[PDB]
Student: 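Handing you this structure, nothing more for now.
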Amino acid sequence: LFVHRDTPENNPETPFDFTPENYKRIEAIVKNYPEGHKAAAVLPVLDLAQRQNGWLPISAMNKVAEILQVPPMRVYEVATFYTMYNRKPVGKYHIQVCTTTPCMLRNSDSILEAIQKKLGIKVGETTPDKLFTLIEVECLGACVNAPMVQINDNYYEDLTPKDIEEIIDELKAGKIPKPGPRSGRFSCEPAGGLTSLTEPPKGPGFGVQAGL
Amino acid sequence: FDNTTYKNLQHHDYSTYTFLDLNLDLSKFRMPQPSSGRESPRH
Amino acid sequence: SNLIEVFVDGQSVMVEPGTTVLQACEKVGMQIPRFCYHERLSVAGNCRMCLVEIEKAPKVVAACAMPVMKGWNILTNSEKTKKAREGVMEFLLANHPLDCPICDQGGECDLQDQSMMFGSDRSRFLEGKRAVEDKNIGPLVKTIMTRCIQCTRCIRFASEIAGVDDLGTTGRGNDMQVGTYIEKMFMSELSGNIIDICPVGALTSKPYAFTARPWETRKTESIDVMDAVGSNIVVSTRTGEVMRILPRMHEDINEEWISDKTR
Amino acid sequence: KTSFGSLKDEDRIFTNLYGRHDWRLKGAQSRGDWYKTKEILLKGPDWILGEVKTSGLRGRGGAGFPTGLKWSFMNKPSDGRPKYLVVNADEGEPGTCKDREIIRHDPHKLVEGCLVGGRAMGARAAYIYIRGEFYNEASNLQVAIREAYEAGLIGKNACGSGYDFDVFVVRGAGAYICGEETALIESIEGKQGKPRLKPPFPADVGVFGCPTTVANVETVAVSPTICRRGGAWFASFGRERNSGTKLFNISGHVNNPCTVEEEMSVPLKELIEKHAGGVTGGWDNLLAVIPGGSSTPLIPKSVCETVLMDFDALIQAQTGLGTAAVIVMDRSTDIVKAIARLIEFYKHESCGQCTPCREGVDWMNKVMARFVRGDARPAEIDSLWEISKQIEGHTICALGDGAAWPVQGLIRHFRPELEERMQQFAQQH
Ligand SMILES: Cc1cc2nc3c(=O)[nH]c(=O)nc-3n(C[C@H](O)[C@H](O)[C@H](O)COP(=O)(O)O)c2cc1C
Ligand code: SF4
Ligand code: SF4
Ligand code: SF4
Ligand code: FES
Ligand code: FES
Ligand SMILES: [K+]
């Protein structure tokens, strides 16, 4: 929903303030923009509150409005426009499965159902332990590595039902699995052998025209 | 000369504040910002 | 010397630079249809009802926002322009609720009237409609936001005229909603004017609700006495009873606004 | 020349595309980056704009405007406002992941491009807008920028050239529409990512209200190489007015989905077979290809037999090069469902600002969802065509066109499939 209703857990009196170290980070954010245009810092600072707090209560939105001297409504507009802001609490690991056509064509559905069975939840829900939250997202910009998921800040790619269940098993154990493809390649090169960039790259000055 | 290993592994150790810590680090390298002349459009 | 020559359906007109296409049409008595554009608010360009063909240009332009160029011929009645208006009106009405009998705007509704003059006469929308929850913004302005067409006039008026940044849009796409997000009352001495500028029945007067229809009201042009400004008003009456108070446009006094006490 | 493709590694620009060599400054310099940057800067903006002009480079962000002419809009006297370069790294087009490889594996190409391109425009700084999901890539870019600052390659007196230049990185927060140039500018300013009407154009009133040029990551990252090796060297690739090398993404029903650099105007068939290992199940198993990302209309196998991958060739095939993201669908695909999911994507991504896309795309999505099940009548096909034409060319920004076009491609080339599905539903009910 894109309207707010005060609750005991989410209301203007809910405690939130940036830590002393995050205030230092805020100063560097605000210094990135011309003077007289502090409102440009709304997105990075709002994201900073989420990284500290995990999600965005209304009191966190109010604090950002105060620090940057912007009307709170303009901050509410940003919080509700960009989908990476969590206006409700999310589990420790926010699993985000891409289901757009390129990933769908390479069986993102088998990934989605594998997660649902293993965690016993439905898309949109949080586990009772509050460790995992599962949602579908649009193209995450790793289409040649489909099917893939993002968990918090990391991408996990070239997934199969076995691979994702192994990633979730590692997460449940406190281990932090390595990101990237799980199929054998390292990034976006074709499997079965490079079809380009096999020879060593040229060095400084190669092919440089005259006059420089 | 090797072409069989991935040489982009540093990001396996990045954390929540990696990006903003680097932004804080770069703060001392920037030129002074321009000024619109007022504190904000509402001033 | 400064003026440039443009053409409205072949008729020459001389306009100052910066004049928009829509303003150039006013000069020859042609009123382009609009929803989001209000001459006392900042230009928005979002409703797209003002799309108009420029002769020899393949793409229709938003007349309310496009500055007119020298030698342009604005075709206000071409087939391209008419089809553009029909298409936009079709989208505006796709999710609009079948509320006219119970909606106070009925009879003086810019959506109704521009649908009558510039839209098609039937529907080909076969789906279900959007329904949006209502917002309480005080005892003066009733909200039925399923009627809102997202023109953002109320947002611009509040920010620019009233100097209150409490109205905005939340969400995205078809779910974009106008409101305050939190539960907040829009109590400003000029708040009641958003009833007038809202083109639809999304924002309506609470005291006036359900009491009258526009065609049956007699209009008496009068003056406000609630202060010393002398705001020009219209007193709507019916069968010997004062029904409501409306602003009367006077550029040198109140423009087209009145205070909530006057209203 | 009359045949294109088979680009040699000596002529490839992004030589660390696969990240098998050091992506940091030392590896970049060993590969030719940051070489004679001072000389290029001291040549002057008009010389730099001349080389980009002669190179025939066109925008790699999807619209393909000539880059040299576009960048020359900033080559004008100052008026007291600062000038900015905004590098578009939002990379949100479904099927497109090329810009991701440049940022994380060749970051110093992009940083040097910002300086060289910024110098041509006379900008004081560059803002690189990178989508918020590319966290690890943004951090990589941030590390490279710090190395450039420490080495004195950017910042005060960049490359000892007497020209100051800052490179800022700002992350998005989840919005495909923030890849649109003016929506990107609005997002940097702290507002909802809603596009601006034009005029004014960004070269007159852009970010913070100042003269601005928005350029795609790949467009920027290739400019330093064009200056070093010459525009003529770049124009010797691809057909006339389709110059240069191009990064391709081949995904979907291929054997080895991959990113690769190849000559412009390479045949689509040759690209899929040489680099992606061919269509899954053989070329005979091909059904349709989306050649330039979800915003470009699909083309059937018959068209894919001989078409060339460049702006002009794909326009004559009733589509476009777009981002050159090739999405391949074999004959086991439910083509109507594939397209219906793209319309669902555009429904989730529309900013909602303007009426035809706010309401039209959601309307198209509802109709397509029924077309998937066959729960419609054939008369609704011509209705859906007309609706898509009421969106196209009537919206503020090109997202509305980007949603209309995929629907048009489906109806143009697969009307029998849509009708067959309605016939099947009717007998079953
Ligand atoms: C909905 C939409 C999304 C877009 N996304 C991107 C993008 O992710 N990256 C990009 O470079 N251009 C994107 N564009 C194109 C930009 O608006 C603009 O044309 C481009 O940044 C100009 O740079 P170029 O000339 O170098 O291509 C998008 C356009 C639209 C309408
Ligand atoms: S706003 Fe106008 S069109 Fe809509 S229900 Fe009311 S009278 Fe009818
Ligand atoms: S409430 Fe009325 S004035 Fe405000 S955006 Fe909706 S239709 Fe426009
Ligand atoms: S076409 Fe869609 S995304 Fe573009 S401005 Fe209009 S509503 Fe927003
Ligand atoms: S379609 Fe899933 S990452 Fe692009
Ligand atoms: S009146 Fe011009 S777009 Fe709304
Ligand atoms: K009204």
Side-chain angles (χ1 to χ4, degrees), chain B, chain D residues 9 15-24 26-27 30 78 80-84 100-101 103-107 124-125 130 132 134-158 163-171 189-190 208-210:
Chain B
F1 165 79
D2 178 67
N3 207 33
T4 89
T5 64
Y6 202 50
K7 306 226 184 107
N8 171 48
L9 294 168
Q10 294 90 327
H11 73 274
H12 295 185
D13 298 290
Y14 294 164
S15 93
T16 308
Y17 292 114
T18 295
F19 178 86
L20 287 179
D21 279 339
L22 272 147
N23 192 69
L24 183 56
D25 216 57
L26 291 168
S27 215
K28 66 188 192 279
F29 289 111
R30 316 288 195 177
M31 304 290 288
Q33 288 284 340
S35 195
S36 86
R38 59 182 89 230
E39 179 133 80
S40 97
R42 295 195 289 153
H43 286 72
Chain D
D9 280 348
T15 52
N16 196 31
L17 185 78
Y18 303 128
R20 307 231 171 153
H21 311 112
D22 189 30
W23 58 269
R24 288 168 309 186
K26 213 196 110 201
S30 75
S78 76
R81 290 176 294 155
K83 295 160 92 168
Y84 292 105
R100 187 204 180 187
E101 321 308 344
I103 289 150
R104 73 171 161 176
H105 294 147
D106 266 298
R124 64 167 291 136
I130 187 163
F134 283 0
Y135 186 79
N136 293 326
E137 296 77 9
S139 308
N140 261 36
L141 181 60
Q142 208 75 296
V143 157
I145 283 160
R146 184 169 62 180
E147 300 178 306
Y149 269 118
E150 284 168 329
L153 303 161
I154 56 174
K156 174 152 210 78
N157 185 36
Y163 191 83
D164 322 302
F165 196 74
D166 276 308
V167 176
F168 306 98
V169 184
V170 301
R171 305 177 46 241
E189 295 182 349
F208 316 122
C210 306

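Below, chains carry the letters A, B, ... as their sequence lines are ordered, and counting in each starts from 1.
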Student: Relative to chain D, which segment of B:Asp25 carries a heavy atom at a distance below 4.5 Å: side chain, backbone, both, or neither?
Tutor: side chain
Student: Report which part of B:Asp2 has an atom under 4.5 Å of a heavy atom belonging to chain D: side chain, backbone, both, or neither.
Tutor: backbone
Student: B:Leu20, B:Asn23, B:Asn3: which one forms the most heavy-atom pairs within less than 4.5 Å of chain D?
Tutor: B:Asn3
Student: Can you tell me how far CD1 of D:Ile154 sits from CG of B:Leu26, rounded to the nearest 0.5 angstrom?
Tutor: 8.0 Å
Student: Side chain, backbone, both or neither: which part of D:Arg104 has an atom under 4.5 Å from a heavy atom of chain B?
Tutor: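 D:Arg104 touches chain B through backbone and side-chain heavy atoms alike.
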Student: Can you tell which part of D:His21 gets under 4.5 Å to a heavy atom of chain B, answering side chain, backbone, both or neither?
Tutor: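 Backbone plus side chain of D:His21, per the 4.5 Å heavy-atom cut-off to chain B.
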Student: Just how far is it from atom OH of B:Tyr6 to atom CH2 of D:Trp23, taken to the nearest 0.5 Å?
Tutor: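 Here the rounded value is 10.5 Å.
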Student: Show the numbers, then the answer: is there a side chain to side chain contact (heavy atoms under 4.5 Å, CB included) between D:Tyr135 and B:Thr18?
Tutor: CA-CA 9 Å; D:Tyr135 186 79; B:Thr18 295; 3.8 Å; yes
Student: Are any non-hydrogen side-chain atoms of D:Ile145 and B:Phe29 less than 4.5 angstrom apart?
Tutor: no
Student: Heavy-atom pairs under 4.5 Å with chain B: which of D:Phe168, D:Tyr18, D:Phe208 has the most?
Tutor: D:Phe168
Student: If we ignore angles and hydrogens, is there a donor and acceptor under 3.5 Å between the side chains of B:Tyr14 and D:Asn140?
Tutor: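 A pair is found: one side chain offers a donor N or O, the other an acceptor, under 3.5 Å apart.
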Student: Can you pull out the residues in residues 32-43 of chain B with any heavy atom less than 4.5 Å from chain D?
Tutor: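 So far as heavy atoms go, B:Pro32, B:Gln33, B:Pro34 are the residues that approach chain D to under 4.5 Å.
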Student: Looking at residues at least two apart in the chain, or sitting in another chain, which of them share a salt bridge (charged side-chain N to carboxylate O under 4.0 Å, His left out) with D:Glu147?
Tutor: none
Student: Let me know if B:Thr5 has heavy atoms under 4.5 Å from chain D in its side chain, its backbone, both or neither.
Tutor: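 Just its backbone gets close to chain D.
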Student: Relative to chain D, which of B:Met31, B:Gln10, B:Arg30, B:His12 shows the most heavy atom pairs under 4.5 Å?
Tutor: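 When all of B:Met31, B:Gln10, B:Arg30, B:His12 are compared, B:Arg30 has the most.
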Student: Give, as side chain, backbone, both or neither, the part of D:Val143 having an atom under 4.5 angstrom from any heavy atom of chain B.
Tutor: both
Student: Are any side-chain N or O atoms of B:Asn8 and backbone N or O atoms of D:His105, one a donor and one an acceptor, separated by less than 3.5 Å?
Tutor: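 No, B:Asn8 side chain to D:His105 backbone: no donor-acceptor pair under 3.5 Å.
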